[PDB]
């Protein structure tokens, strides 16, 4: 029987970004950098062998994901609107979604391999990821009634790699958008800025 194993390796990093002194008519930017580091499995769906011993072939399909909020609330109760300034070569998909951006990069498919490998790692397992992808530059629209002062805003988001191992050539699987939207947001961007007059 034909089999498919899909595992999502989630990256979890905390970082800060200084947007500086801004007036409400301006759009301060922040850069989301793809940082290689320790990834944790947060989702899987498998019906095949959990381990390839090196004696038989399987096929690889890898897709990098960034799932970013379109809006965030300040501690004092105001909305900040997250907009795309520069998404490089990322594929911006499911654009009609009200709450989140979905950025994908499908960089490996139909690749036959024999390499000994863990084909279905379980939620909570960890591994080092060293892959590199484009920065994503965002711009923030401040509401005209935002109170003046210093802001320190936590922006949680998801990033990681979906690895799809299959028994056959031509295998294709994408984590459904409704699932991607609910993957734990393990990264944090602490956005700093001062609303001036």
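Positions refer to the first chain, counted from 1. C-alpha atoms forming the largest set that superposes within 1.5 Å between two forms make up the rigid core.
Higher C-alpha RMS shift from the shown form in 5 other deposited structures of this protein - 160-168 or 146-154, rigid core fit: Stretch with the larger root mean square C-alpha distance in 5 other deposited structures of this protein: 146-154.
Which wins on mean Cα temperature factor, 64-72 or 146-154? Between 64-72 and 146-154, it is 146-154.
11-19 set against 179-187, stretch whose average Cα temperature factor tops the other in the entry: Comparing 179-187 with 11-19, the higher mean C-alpha B-factor belongs to 11-19.
Have a look at 86, 89, 100, 121 and flag the one whose Cα has the highest B-factor in the entry. If I rank 86, 89, 100, 121 by C-alpha B-factor, first place goes to 89.
Per the PDB entry, which option out of 56, 165, 43, 133 has the greatest Cα B factor? Of the options given, 56 has the highest CA B-factor in the PDB entry.
By the record's CA B-factor, is residue 109 among the lowest, middle or highest third of residues in the chain? Its C-alpha B-factor belongs to the middle third of this chain's values.
Sorting by Cα B-factor within the chain, modelled residues only, which third would residue 39 end up in: lowest, middle or highest? Its C-alpha B-factor belongs to the middle third of this chain's values.
Looking at the temperature factor on the CA atom of residue 195, which third of the chain's modelled residues does it land in? Its C-alpha B-factor, which the entry lists for residue 195, ranks in the highest third among residues of this chain.
Modelled-residue ranking by C-alpha temperature factor, third containing residue 49: Answer is middle: the recorded C-alpha B-factor places it there.
Among the modelled residues of its chain, does the C-alpha B-factor of residue 169 lie in the lowest, middle or highest third? For residue 169, whose C-alpha B-factor we compare with every modelled residue in the chain, the answer is the highest third.
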